[PDB]
file run-v1.cif (mmCIF, C-alpha atoms; chains and numbers go by the auth columns)
data_coords
#
loop_
_atom_site.group_PDB
_atom_site.id
_atom_site.type_symbol
_atom_site.label_atom_id
_atom_site.label_comp_id
_atom_site.label_asym_id
_atom_site.label_seq_id
_atom_site.Cartn_x
_atom_site.Cartn_y
_atom_site.Cartn_z
_atom_site.B_iso_or_equiv
_atom_site.auth_seq_id
_atom_site.auth_asym_id
ATOM 1 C CA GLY A 1 0.000 0.000 0.000 0.00 1 A
ATOM 2 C CA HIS A 2 0.959 3.669 -0.621 0.00 2 A
ATOM 3 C CA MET A 3 -1.468 5.756 -2.746 0.00 3 A
ATOM 4 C CA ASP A 4 -4.422 4.323 -0.744 0.00 4 A
ATOM 5 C CA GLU A 5 -2.737 5.751 2.394 0.00 5 A
ATOM 6 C CA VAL A 6 -2.375 9.222 0.756 0.00 6 A
ATOM 7 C CA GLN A 7 -6.065 8.988 -0.227 0.00 7 A
ATOM 8 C CA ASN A 8 -7.227 7.916 3.212 0.00 8 A
ATOM 9 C CA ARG A 9 -5.239 10.590 5.122 0.00 9 A
ATOM 10 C CA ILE A 10 -6.712 13.488 3.125 0.00 10 A
ATOM 11 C CA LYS A 11 -10.246 12.190 3.799 0.00 11 A
ATOM 12 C CA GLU A 12 -9.149 11.675 7.456 0.00 12 A
ATOM 13 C CA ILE A 13 -8.119 15.345 8.004 0.00 13 A
ATOM 14 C CA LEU A 14 -11.008 16.752 5.976 0.00 14 A
ATOM 15 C CA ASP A 15 -13.574 14.508 7.725 0.00 15 A
ATOM 16 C CA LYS A 16 -12.148 15.177 11.223 0.00 16 A
ATOM 17 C CA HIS A 17 -12.168 18.918 10.451 0.00 17 A
ATOM 18 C CA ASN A 18 -15.548 18.695 8.574 0.00 18 A
ATOM 19 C CA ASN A 19 -15.044 22.331 7.560 0.00 19 A
ATOM 20 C CA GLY A 20 -12.819 21.989 4.481 0.00 20 A
ATOM 21 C CA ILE A 21 -9.255 23.272 3.946 0.00 21 A
ATOM 22 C CA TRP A 22 -8.233 25.988 1.394 0.00 22 A
ATOM 23 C CA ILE A 23 -5.980 24.467 -1.337 0.00 23 A
ATOM 24 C CA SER A 24 -3.253 27.054 -0.513 0.00 24 A
ATOM 25 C CA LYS A 25 -3.319 26.004 3.207 0.00 25 A
ATOM 26 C CA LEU A 26 -3.675 22.219 2.485 0.00 26 A
ATOM 27 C CA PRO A 27 0.150 21.786 1.939 0.00 27 A
ATOM 28 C CA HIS A 28 1.124 23.203 5.367 0.00 28 A
ATOM 29 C CA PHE A 29 -1.849 21.417 6.971 0.00 29 A
ATOM 30 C CA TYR A 30 -0.474 18.189 5.449 0.00 30 A
ATOM 31 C CA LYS A 31 3.093 19.009 6.614 0.00 31 A
ATOM 32 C CA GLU A 32 1.814 19.617 10.166 0.00 32 A
ATOM 33 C CA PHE A 33 -0.278 16.461 10.373 0.00 33 A
ATOM 34 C CA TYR A 34 1.621 13.796 8.354 0.00 34 A
ATOM 35 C CA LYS A 35 5.162 15.267 8.669 0.00 35 A
ATOM 36 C CA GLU A 36 5.781 15.266 4.918 0.00 36 A
ATOM 37 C CA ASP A 37 6.331 17.846 2.169 0.00 37 A
ATOM 38 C CA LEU A 38 3.227 17.607 -0.036 0.00 38 A
ATOM 39 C CA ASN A 39 4.285 17.308 -3.715 0.00 39 A
ATOM 40 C CA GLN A 40 2.439 19.657 -6.149 0.00 40 A
ATOM 41 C CA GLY A 41 1.073 16.581 -8.051 0.00 41 A
ATOM 42 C CA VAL A 42 -1.052 15.510 -5.063 0.00 42 A
ATOM 43 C CA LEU A 43 -3.082 18.736 -5.697 0.00 43 A
ATOM 44 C CA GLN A 44 -4.015 17.191 -9.050 0.00 44 A
ATOM 45 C CA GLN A 45 -5.100 14.026 -7.193 0.00 45 A
ATOM 46 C CA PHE A 46 -7.299 16.223 -4.951 0.00 46 A
ATOM 47 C CA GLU A 47 -8.971 17.756 -8.037 0.00 47 A
ATOM 48 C CA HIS A 48 -9.811 14.333 -9.576 0.00 48 A
ATOM 49 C CA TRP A 49 -10.590 12.203 -6.455 0.00 49 A
ATOM 50 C CA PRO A 50 -14.377 11.479 -6.241 0.00 50 A
ATOM 51 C CA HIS A 51 -14.000 9.354 -3.040 0.00 51 A
ATOM 52 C CA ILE A 52 -11.682 11.518 -0.860 0.00 52 A
ATOM 53 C CA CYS A 53 -12.808 15.134 -1.231 0.00 53 A
ATOM 54 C CA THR A 54 -14.544 17.796 -3.336 0.00 54 A
ATOM 55 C CA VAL A 55 -12.844 20.969 -4.568 0.00 55 A
ATOM 56 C CA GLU A 56 -15.283 23.875 -4.051 0.00 56 A
ATOM 57 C CA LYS A 57 -15.226 27.539 -5.119 0.00 57 A
ATOM 58 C CA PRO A 58 -17.218 29.355 -2.361 0.00 58 A
ATOM 59 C CA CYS A 59 -18.041 32.964 -3.411 0.00 59 A
ATOM 60 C CA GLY A 60 -15.799 34.334 -0.594 0.00 60 A
ATOM 61 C CA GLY A 61 -12.725 32.391 -1.882 0.00 61 A
ATOM 62 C CA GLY A 62 -12.380 34.637 -4.979 0.00 62 A
ATOM 63 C CA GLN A 63 -8.982 33.216 -6.116 0.00 63 A
ATOM 64 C CA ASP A 64 -8.664 29.820 -4.295 0.00 64 A
ATOM 65 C CA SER A 65 -10.868 26.765 -3.560 0.00 65 A
ATOM 66 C CA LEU A 66 -11.878 24.674 -0.487 0.00 66 A
ATOM 67 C CA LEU A 67 -11.283 20.938 -0.162 0.00 67 A
ATOM 68 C CA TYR A 68 -14.399 19.545 1.503 0.00 68 A
ATOM 69 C CA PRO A 69 -14.383 15.892 2.757 0.00 69 A
ATOM 70 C CA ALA A 70 -15.891 12.957 0.759 0.00 70 A
ATOM 71 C CA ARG A 71 -19.445 13.544 2.218 0.00 71 A
ATOM 72 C CA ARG A 72 -20.457 14.822 -1.273 0.00 72 A
ATOM 73 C CA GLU A 73 -19.470 11.437 -2.898 0.00 73 A
ATOM 74 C CA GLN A 74 -21.779 9.571 -5.355 0.00 74 A
ATOM 75 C CA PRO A 75 -24.129 12.543 -6.164 0.00 75 A
ATOM 76 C CA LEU A 76 -25.881 11.135 -9.325 0.00 76 A
ATOM 77 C CA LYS A 77 -23.451 8.436 -10.645 0.00 77 A
ATOM 78 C CA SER A 78 -25.383 5.325 -9.438 0.00 78 A
ATOM 79 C CA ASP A 79 -25.206 3.681 -12.953 0.00 79 A
ATOM 80 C CA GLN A 80 -28.443 1.878 -11.867 0.00 80 A
ATOM 81 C CA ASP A 81 -30.811 4.911 -11.816 0.00 81 A
ATOM 82 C CA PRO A 82 -33.223 3.498 -14.518 0.00 82 A
ATOM 83 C CA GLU A 83 -34.129 0.660 -12.034 0.00 83 A
ATOM 84 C CA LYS A 84 -33.708 2.272 -8.560 0.00 84 A
ATOM 85 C CA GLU A 85 -37.455 3.119 -8.557 0.00 85 A
ATOM 86 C CA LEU A 86 -38.338 2.202 -12.237 0.00 86 A
ATOM 87 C CA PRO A 87 -41.238 4.728 -12.637 0.00 87 A
ATOM 88 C CA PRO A 88 -44.205 3.864 -14.958 0.00 88 A
ATOM 89 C CA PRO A 89 -43.888 4.615 -18.747 0.00 89 A
ATOM 90 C CA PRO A 90 -45.722 8.017 -19.134 0.00 90 A
ATOM 91 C CA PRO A 91 -44.502 11.477 -17.908 0.00 91 A
ATOM 92 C CA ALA A 92 -47.287 11.056 -15.298 0.00 92 A
ATOM 93 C CA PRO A 93 -50.491 8.875 -15.123 0.00 93 A
ATOM 94 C CA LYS A 94 -52.434 12.076 -16.101 0.00 94 A
ATOM 95 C CA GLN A 95 -50.395 12.081 -19.393 0.00 95 A
ATOM 96 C CA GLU A 96 -50.841 8.379 -20.388 0.00 96 A
ATOM 97 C CA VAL A 97 -51.058 9.469 -24.085 0.00 97 A
ATOM 98 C CA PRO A 98 -48.570 12.348 -24.800 0.00 98 A
ATOM 99 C CA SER A 99 -49.383 11.988 -28.552 0.00 99 A
ATOM 100 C CA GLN A 100 -52.241 13.951 -30.225 0.00 100 A
ATOM 101 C CA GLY A 101 -53.983 13.868 -33.648 0.00 101 A
ATOM 102 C CA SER A 102 -57.380 13.734 -35.430 0.00 102 A
ATOM 103 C CA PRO A 103 -59.474 10.952 -37.112 0.00 103 A
ATOM 104 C CA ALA A 104 -60.217 10.541 -40.792 0.00 104 A
ATOM 105 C CA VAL A 105 -63.365 11.719 -42.595 0.00 105 A
ATOM 106 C CA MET A 106 -65.800 9.011 -41.360 0.00 106 A
ATOM 107 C CA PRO A 107 -69.403 10.460 -41.320 0.00 107 A
ATOM 108 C CA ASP A 108 -72.207 8.522 -39.577 0.00 108 A
ATOM 109 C CA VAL A 109 -73.164 6.395 -42.631 0.00 109 A
ATOM 110 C CA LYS A 110 -69.503 5.262 -42.948 0.00 110 A
ATOM 111 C CA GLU A 111 -69.437 4.562 -39.188 0.00 111 A
ATOM 112 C CA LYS A 112 -72.692 2.498 -39.395 0.00 112 A
ATOM 113 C CA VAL A 113 -71.260 0.384 -42.231 0.00 113 A
ATOM 114 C CA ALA A 114 -67.800 0.075 -40.620 0.00 114 A
ATOM 115 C CA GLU A 115 -69.031 -1.191 -37.217 0.00 115 A
ATOM 116 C CA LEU A 116 -71.715 -3.330 -38.931 0.00 116 A
ATOM 117 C CA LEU A 117 -69.000 -5.077 -40.980 0.00 117 A
ATOM 118 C CA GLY A 118 -67.000 -5.542 -37.740 0.00 118 A
ATOM 119 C CA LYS A 119 -69.922 -7.504 -36.173 0.00 119 A
ATOM 120 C CA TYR A 120 -69.845 -10.290 -38.869 0.00 120 A
ATOM 121 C CA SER A 121 -67.095 -12.784 -39.819 0.00 121 A
ATOM 122 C CA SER A 122 -69.523 -13.644 -42.703 0.00 122 A
ATOM 123 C CA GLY A 123 -69.231 -10.016 -43.871 0.00 123 A
ATOM 124 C CA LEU A 124 -72.602 -8.657 -45.027 0.00 124 A
ATOM 125 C CA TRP A 125 -74.142 -9.793 -48.302 0.00 125 A
ATOM 126 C CA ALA A 126 -75.676 -7.222 -50.722 0.00 126 A
ATOM 127 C CA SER A 127 -79.219 -7.641 -49.277 0.00 127 A
ATOM 128 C CA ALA A 128 -78.073 -8.423 -45.707 0.00 128 A
ATOM 129 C CA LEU A 129 -76.213 -5.040 -45.501 0.00 129 A
ATOM 130 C CA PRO A 130 -79.549 -3.022 -45.698 0.00 130 A
ATOM 131 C CA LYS A 131 -81.359 -5.578 -43.471 0.00 131 A
ATOM 132 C CA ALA A 132 -78.663 -5.537 -40.760 0.00 132 A
ATOM 133 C CA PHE A 133 -78.374 -1.707 -41.034 0.00 133 A
ATOM 134 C CA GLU A 134 -82.057 -1.165 -40.298 0.00 134 A
ATOM 135 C CA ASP A 135 -82.338 -3.927 -37.659 0.00 135 A
ATOM 136 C CA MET A 136 -79.207 -3.115 -35.642 0.00 136 A
ATOM 137 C CA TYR A 137 -79.430 0.696 -35.505 0.00 137 A
ATOM 138 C CA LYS A 138 -83.299 0.559 -35.320 0.00 138 A
ATOM 139 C CA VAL A 139 -83.662 2.937 -38.303 0.00 139 A
ATOM 140 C CA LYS A 140 -85.318 3.099 -41.757 0.00 140 A
ATOM 141 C CA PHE A 141 -83.009 5.416 -43.738 0.00 141 A
ATOM 142 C CA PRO A 142 -82.528 6.721 -47.344 0.00 142 A
ATOM 143 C CA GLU A 143 -81.635 4.372 -50.186 0.00 143 A
ATOM 144 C CA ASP A 144 -78.951 7.009 -51.000 0.00 144 A
ATOM 145 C CA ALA A 145 -77.179 5.613 -47.888 0.00 145 A
ATOM 146 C CA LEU A 146 -78.014 1.849 -48.238 0.00 146 A
ATOM 147 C CA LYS A 147 -78.080 1.190 -52.055 0.00 147 A
ATOM 148 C CA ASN A 148 -75.080 3.398 -53.056 0.00 148 A
ATOM 149 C CA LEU A 149 -72.662 0.440 -53.437 0.00 149 A
ATOM 150 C CA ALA A 150 -69.734 2.851 -54.111 0.00 150 A
ATOM 151 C CA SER A 151 -69.833 4.512 -50.650 0.00 151 A
ATOM 152 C CA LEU A 152 -70.137 1.002 -49.218 0.00 152 A
ATOM 153 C CA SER A 153 -67.031 0.127 -51.327 0.00 153 A
ATOM 154 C CA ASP A 154 -65.186 3.062 -49.655 0.00 154 A
ATOM 155 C CA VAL A 155 -65.806 1.514 -46.195 0.00 155 A
ATOM 156 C CA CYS A 156 -65.701 -2.179 -47.333 0.00 156 A
ATOM 157 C CA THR A 157 -63.983 -4.619 -49.665 0.00 157 A
ATOM 158 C CA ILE A 158 -66.783 -5.396 -52.121 0.00 158 A
ATOM 159 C CA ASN A 159 -66.396 -8.616 -54.038 0.00 159 A
ATOM 160 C CA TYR A 160 -68.909 -10.580 -56.129 0.00 160 A
ATOM 161 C CA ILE A 161 -70.371 -14.067 -56.397 0.00 161 A
ATOM 162 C CA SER A 162 -72.218 -15.882 -59.255 0.00 162 A
ATOM 163 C CA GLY A 163 -70.417 -13.519 -61.745 0.00 163 A
ATOM 164 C CA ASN A 164 -68.645 -10.130 -61.938 0.00 164 A
ATOM 165 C CA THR A 165 -71.063 -7.619 -60.314 0.00 165 A
ATOM 166 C CA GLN A 166 -73.770 -10.384 -60.395 0.00 166 A
ATOM 167 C CA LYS A 167 -74.236 -10.801 -56.611 0.00 167 A
ATOM 168 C CA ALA A 168 -72.097 -8.829 -54.061 0.00 168 A
ATOM 169 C CA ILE A 169 -70.533 -9.392 -50.635 0.00 169 A
ATOM 170 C CA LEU A 170 -68.925 -6.847 -48.266 0.00 170 A
ATOM 171 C CA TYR A 171 -65.939 -7.429 -45.929 0.00 171 A
ATOM 172 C CA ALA A 172 -64.359 -4.793 -43.621 0.00 172 A
ATOM 173 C CA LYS A 173 -61.870 -2.262 -45.134 0.00 173 A
ATOM 174 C CA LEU A 174 -62.223 0.205 -42.168 0.00 174 A
ATOM 175 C CA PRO A 175 -60.192 3.143 -43.625 0.00 175 A
ATOM 176 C CA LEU A 176 -58.303 5.114 -40.918 0.00 176 A
ATOM 177 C CA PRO A 177 -55.111 6.364 -42.679 0.00 177 A
ATOM 178 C CA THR A 178 -54.680 9.210 -40.181 0.00 178 A
ATOM 179 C CA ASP A 179 -51.466 9.129 -38.080 0.00 179 A
ATOM 180 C CA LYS A 180 -51.886 12.797 -36.982 0.00 180 A
#
call {"tool": "encode", "arguments": {"input": "run-v1.cif", "output": "structure tokens"}}
result
Amino acid sequence: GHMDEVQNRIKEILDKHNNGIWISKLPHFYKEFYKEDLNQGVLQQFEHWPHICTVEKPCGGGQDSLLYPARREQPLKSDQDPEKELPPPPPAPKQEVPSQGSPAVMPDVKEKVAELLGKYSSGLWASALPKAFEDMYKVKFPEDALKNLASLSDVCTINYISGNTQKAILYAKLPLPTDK
């Protein structure tokens, strides 16, 4: 052992004193206590040591610094901080969705169709789409909404049976391209 003893004696004086020592008075303090001529390089040790002391520039020092003892060790260098308390994901529970944005153009007729398609693994067949519309939402509404196969093709995959455009089926297409 050697450098560990130099380390431990500077924390010993500074801890015993509690009130730190000015860097200019440190060398004669060291000479008095440990009977040795402090080399100038040990000042550089004092500047870098995280476990022995802290160099401080109190406002009254002006042109020199105080060596406080190691009580200020390990301030925010835990290297385990992400798991010391591991807080929940959001900024706070009141902010569970930091993101913001708006939905797509989906008027009530599109919404009726889109949910209605969602209710059936069978899809809705060309006649069953009107029947299920009127039954489920308890409405009797314009043929402009329930016979306009094109608007239904905006909300649904429309595909045919018995021939091209001979009989029709609807499956969900549920357009929601909006990301913001």
call {"tool": "residues_around", "arguments": {"input": "run-v1.cif", "residues": "region 126-141 of chain A", "least_positions_apart": "4", "cutoff": "7 Å", "atoms": "only C-alpha atoms", "output": "PyMOL selection string"}}
result
chain A and resi 146+168-169
call {"tool": "atom_distance", "arguments": {"input": "run-v1.cif", "atom1": "CA of residue 178 (chain A)", "atom2": "CA of residue 148 (chain A)"}}
result
24.8 Å
call {"tool": "residues_around", "arguments": {"input": "run-v1.cif", "residues": "residue 99 (chain A)", "least_positions_apart": "4", "cutoff": "12 Å", "atoms": "all atoms listed in the file", "output": "PDB file with C-alpha atoms, in the coordinates of the input"}}
result
ATOM      1  CA  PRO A  90     -45.722   8.017 -19.134  1.00  0.00           C
ATOM      2  CA  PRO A  91     -44.502  11.477 -17.908  1.00  0.00           C
ATOM      3  CA  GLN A  95     -50.395  12.081 -19.393  1.00  0.00           C
ATOM      4  CA  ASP A 179     -51.466   9.129 -38.080  1.00  0.00           C
ATOM      5  CA  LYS A 180     -51.886  12.797 -36.982  1.00  0.00           C
TER       6      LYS A 180
END
call {"tool": "residues_near_point", "arguments": {"input": "run-v1.cif", "point": "(-0.3, 25.4, -0.9)", "cutoff": "12 Å", "atoms": "all atoms listed in the file", "output": "MDAnalysis selection string"}}
result
chainID A and resid 21:31 37:43 64:67
call {"tool": "residues_around", "arguments": {"input": "run-v1.cif", "residues": "residue 74 (chain A)", "least_positions_apart": "2", "cutoff": "12 Å", "atoms": "only C-alpha atoms", "output": "list in words"}}
result
residues 49, 50, 51, 52, 53, 54, 70, 71, 72, 76, 77, 78 and 79 of chain A
call {"tool": "write_last_selection", "arguments": {"input": "run-v1.cif", "atoms": "C-alpha atoms", "output": "CSV table (one decimal), in the coordinates of the input"}}
result
chain,number,residue,atom,x,y,z
A,49,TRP,CA,-10.6,12.2,-6.5
A,50,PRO,CA,-14.4,11.5,-6.2
A,51,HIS,CA,-14.0,9.4,-3.0
A,52,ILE,CA,-11.7,11.5,-0.9
A,53,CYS,CA,-12.8,15.1,-1.2
A,54,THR,CA,-14.5,17.8,-3.3
A,70,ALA,CA,-15.9,13.0,0.8
A,71,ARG,CA,-19.4,13.5,2.2
A,72,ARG,CA,-20.5,14.8,-1.3
A,76,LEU,CA,-25.9,11.1,-9.3
A,77,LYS,CA,-23.5,8.4,-10.6
A,78,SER,CA,-25.4,5.3,-9.4
A,79,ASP,CA,-25.2,3.7,-13.0
call {"tool": "closest_residue", "arguments": {"input": "run-v1.cif", "among": "A:55, A:6, A:143, A:175", "to": "residue 73 (chain A)", "atoms": "only C-alpha atoms"}}
result
A:55
call {"tool": "atom_distance", "arguments": {"input": "run-v1.cif", "atom1": "CA of residue 19 (chain A)", "atom2": "CA of residue 68 (chain A)"}}
result
6.7 Å
call {"tool": "resolve_selection", "arguments": {"input": "run-v1.cif", "expression": "the PyMOL selection byres ((chain A and resi 116) around 10)", "output": "mmCIF file with C-alpha atoms, in the frame of the given file"}}
result
data_model
loop_
_atom_site.group_PDB
_atom_site.id
_atom_site.type_symbol
_atom_site.label_atom_id
_atom_site.label_comp_id
_atom_site.auth_asym_id
_atom_site.auth_seq_id
_atom_site.Cartn_x
_atom_site.Cartn_y
_atom_site.Cartn_z
ATOM 1 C CA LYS A 110 -69.503 5.262 -42.948
ATOM 2 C CA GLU A 111 -69.437 4.562 -39.188
ATOM 3 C CA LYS A 112 -72.692 2.498 -39.395
ATOM 4 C CA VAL A 113 -71.260 0.384 -42.231
ATOM 5 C CA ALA A 114 -67.800 0.075 -40.620
ATOM 6 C CA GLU A 115 -69.031 -1.191 -37.217
ATOM 7 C CA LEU A 117 -69.000 -5.077 -40.980
ATOM 8 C CA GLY A 118 -67.000 -5.542 -37.740
ATOM 9 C CA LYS A 119 -69.922 -7.504 -36.173
ATOM 10 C CA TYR A 120 -69.845 -10.290 -38.869
ATOM 11 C CA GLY A 123 -69.231 -10.016 -43.871
ATOM 12 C CA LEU A 124 -72.602 -8.657 -45.027
ATOM 13 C CA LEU A 129 -76.213 -5.040 -45.501
ATOM 14 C CA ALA A 132 -78.663 -5.537 -40.760
ATOM 15 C CA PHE A 133 -78.374 -1.707 -41.034
ATOM 16 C CA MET A 136 -79.207 -3.115 -35.642
ATOM 17 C CA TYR A 137 -79.430 0.696 -35.505
ATOM 18 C CA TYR A 171 -65.939 -7.429 -45.929
ATOM 19 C CA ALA A 172 -64.359 -4.793 -43.621
#
call {"tool": "atom_distance", "arguments": {"input": "run-v1.cif", "atom1": "CA of residue 176 (chain A)", "atom2": "CA of residue 94 (chain A)"}}
result
26.4 Å
call {"tool": "closest_residue", "arguments": {"input": "run-v1.cif", "among": "A:177, A:69, A:75, A:62", "to": "residue 106 (chain A)", "atoms": "all atoms listed in the file"}}
result
A:177
call {"tool": "closest_residue", "arguments": {"input": "run-v1.cif", "among": "A:150, A:20, A:82, A:34", "to": "residue 8 (chain A)", "atoms": "all atoms listed in the file"}}
result
A:34
call {"tool": "axis_aligned_box", "arguments": {"input": "run-v1.cif", "around": "region 76-84 of chain A", "padding_each_side": "3 Å", "output": "JSON"}}
result
{"center_x": -28.8, "center_y": 5.9, "center_z": -11.5, "size_x": 16.7, "size_y": 16.5, "size_z": 12.0}
call {"tool": "resolve_selection", "arguments": {"input": "run-v1.cif", "expression": "the PyMOL selection byres ((chain A and resi 160) around 12)", "output": "MDAnalysis selection string"}}
result
chainID A and resid 124:126 149 153 157:159 161:171
call {"tool": "build_atoms", "arguments": {"input": "run-v1.cif", "residues": "region 121-140 of chain A", "atoms": "N, CA, C and O atoms", "output": "PDB file, in the coordinates of the input"}}
result
ATOM      1  N   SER A 121     -68.149 -12.030 -39.130  1.00  0.00           N
ATOM      2  CA  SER A 121     -67.095 -12.784 -39.819  1.00  0.00           C
ATOM      3  C   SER A 121     -67.547 -13.182 -41.237  1.00  0.00           C
ATOM      4  O   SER A 121     -66.735 -13.225 -42.165  1.00  0.00           O
ATOM      5  N   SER A 122     -68.854 -13.400 -41.421  1.00  0.00           N
ATOM      6  CA  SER A 122     -69.523 -13.644 -42.703  1.00  0.00           C
ATOM      7  C   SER A 122     -69.529 -12.419 -43.627  1.00  0.00           C
ATOM      8  O   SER A 122     -69.972 -12.529 -44.775  1.00  0.00           O
ATOM      9  N   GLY A 123     -69.046 -11.260 -43.160  1.00  0.00           N
ATOM     10  CA  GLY A 123     -69.231 -10.016 -43.871  1.00  0.00           C
ATOM     11  C   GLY A 123     -70.731  -9.714 -43.874  1.00  0.00           C
ATOM     12  O   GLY A 123     -71.492 -10.275 -43.082  1.00  0.00           O
ATOM     13  N   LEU A 124     -71.178  -8.850 -44.778  1.00  0.00           N
ATOM     14  CA  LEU A 124     -72.602  -8.657 -45.027  1.00  0.00           C
ATOM     15  C   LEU A 124     -72.765  -8.863 -46.517  1.00  0.00           C
ATOM     16  O   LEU A 124     -71.941  -8.411 -47.306  1.00  0.00           O
ATOM     17  N   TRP A 125     -73.807  -9.584 -46.903  1.00  0.00           N
ATOM     18  CA  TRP A 125     -74.142  -9.793 -48.302  1.00  0.00           C
ATOM     19  C   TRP A 125     -74.945  -8.589 -48.796  1.00  0.00           C
ATOM     20  O   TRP A 125     -75.465  -7.836 -47.976  1.00  0.00           O
ATOM     21  N   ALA A 126     -75.071  -8.416 -50.117  1.00  0.00           N
ATOM     22  CA  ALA A 126     -75.676  -7.222 -50.722  1.00  0.00           C
ATOM     23  C   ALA A 126     -77.043  -6.851 -50.127  1.00  0.00           C
ATOM     24  O   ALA A 126     -77.300  -5.675 -49.888  1.00  0.00           O
ATOM     25  N   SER A 127     -77.894  -7.849 -49.867  1.00  0.00           N
ATOM     26  CA  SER A 127     -79.219  -7.641 -49.277  1.00  0.00           C
ATOM     27  C   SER A 127     -79.138  -7.568 -47.745  1.00  0.00           C
ATOM     28  O   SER A 127     -79.849  -6.790 -47.098  1.00  0.00           O
ATOM     29  N   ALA A 128     -78.243  -8.367 -47.152  1.00  0.00           N
ATOM     30  CA  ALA A 128     -78.073  -8.423 -45.707  1.00  0.00           C
ATOM     31  C   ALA A 128     -77.519  -7.107 -45.158  1.00  0.00           C
ATOM     32  O   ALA A 128     -77.823  -6.780 -44.015  1.00  0.00           O
ATOM     33  N   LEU A 129     -76.741  -6.338 -45.936  1.00  0.00           N
ATOM     34  CA  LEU A 129     -76.213  -5.040 -45.501  1.00  0.00           C
ATOM     35  C   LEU A 129     -77.379  -4.093 -45.152  1.00  0.00           C
ATOM     36  O   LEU A 129     -77.470  -3.752 -43.975  1.00  0.00           O
ATOM     37  N   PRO A 130     -78.321  -3.737 -46.057  1.00  0.00           N
ATOM     38  CA  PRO A 130     -79.549  -3.022 -45.698  1.00  0.00           C
ATOM     39  C   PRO A 130     -80.325  -3.641 -44.529  1.00  0.00           C
ATOM     40  O   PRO A 130     -80.720  -2.911 -43.618  1.00  0.00           O
ATOM     41  N   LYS A 131     -80.550  -4.963 -44.527  1.00  0.00           N
ATOM     42  CA  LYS A 131     -81.359  -5.578 -43.471  1.00  0.00           C
ATOM     43  C   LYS A 131     -80.709  -5.368 -42.101  1.00  0.00           C
ATOM     44  O   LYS A 131     -81.371  -4.932 -41.159  1.00  0.00           O
ATOM     45  N   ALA A 132     -79.410  -5.648 -41.998  1.00  0.00           N
ATOM     46  CA  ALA A 132     -78.663  -5.537 -40.760  1.00  0.00           C
ATOM     47  C   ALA A 132     -78.526  -4.079 -40.318  1.00  0.00           C
ATOM     48  O   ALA A 132     -78.593  -3.801 -39.125  1.00  0.00           O
ATOM     49  N   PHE A 133     -78.364  -3.149 -41.268  1.00  0.00           N
ATOM     50  CA  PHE A 133     -78.374  -1.707 -41.034  1.00  0.00           C
ATOM     51  C   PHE A 133     -79.622  -1.316 -40.242  1.00  0.00           C
ATOM     52  O   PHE A 133     -79.538  -0.739 -39.155  1.00  0.00           O
ATOM     53  N   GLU A 134     -80.784  -1.646 -40.801  1.00  0.00           N
ATOM     54  CA  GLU A 134     -82.057  -1.165 -40.298  1.00  0.00           C
ATOM     55  C   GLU A 134     -82.392  -1.850 -38.974  1.00  0.00           C
ATOM     56  O   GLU A 134     -82.871  -1.197 -38.045  1.00  0.00           O
ATOM     57  N   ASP A 135     -82.080  -3.144 -38.859  1.00  0.00           N
ATOM     58  CA  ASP A 135     -82.338  -3.927 -37.659  1.00  0.00           C
ATOM     59  C   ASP A 135     -81.458  -3.471 -36.498  1.00  0.00           C
ATOM     60  O   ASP A 135     -81.966  -3.239 -35.395  1.00  0.00           O
ATOM     61  N   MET A 136     -80.147  -3.323 -36.730  1.00  0.00           N
ATOM     62  CA  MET A 136     -79.207  -3.115 -35.642  1.00  0.00           C
ATOM     63  C   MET A 136     -79.305  -1.705 -35.078  1.00  0.00           C
ATOM     64  O   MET A 136     -79.310  -1.533 -33.857  1.00  0.00           O
ATOM     65  N   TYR A 137     -79.403  -0.695 -35.948  1.00  0.00           N
ATOM     66  CA  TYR A 137     -79.430   0.696 -35.505  1.00  0.00           C
ATOM     67  C   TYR A 137     -80.871   1.182 -35.264  1.00  0.00           C
ATOM     68  O   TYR A 137     -81.069   2.341 -34.902  1.00  0.00           O
ATOM     69  N   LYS A 138     -81.867   0.293 -35.438  1.00  0.00           N
ATOM     70  CA  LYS A 138     -83.299   0.559 -35.320  1.00  0.00           C
ATOM     71  C   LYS A 138     -83.680   1.833 -36.084  1.00  0.00           C
ATOM     72  O   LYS A 138     -84.174   2.805 -35.512  1.00  0.00           O
ATOM     73  N   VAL A 139     -83.430   1.816 -37.391  1.00  0.00           N
ATOM     74  CA  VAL A 139     -83.662   2.937 -38.303  1.00  0.00           C
ATOM     75  C   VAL A 139     -84.230   2.402 -39.614  1.00  0.00           C
ATOM     76  O   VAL A 139     -84.053   1.237 -39.941  1.00  0.00           O
ATOM     77  N   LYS A 140     -84.872   3.281 -40.381  1.00  0.00           N
ATOM     78  CA  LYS A 140     -85.318   3.099 -41.757  1.00  0.00           C
ATOM     79  C   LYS A 140     -84.794   4.364 -42.425  1.00  0.00           C
ATOM     80  O   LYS A 140     -85.290   5.453 -42.113  1.00  0.00           O
TER      81      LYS A 140
END
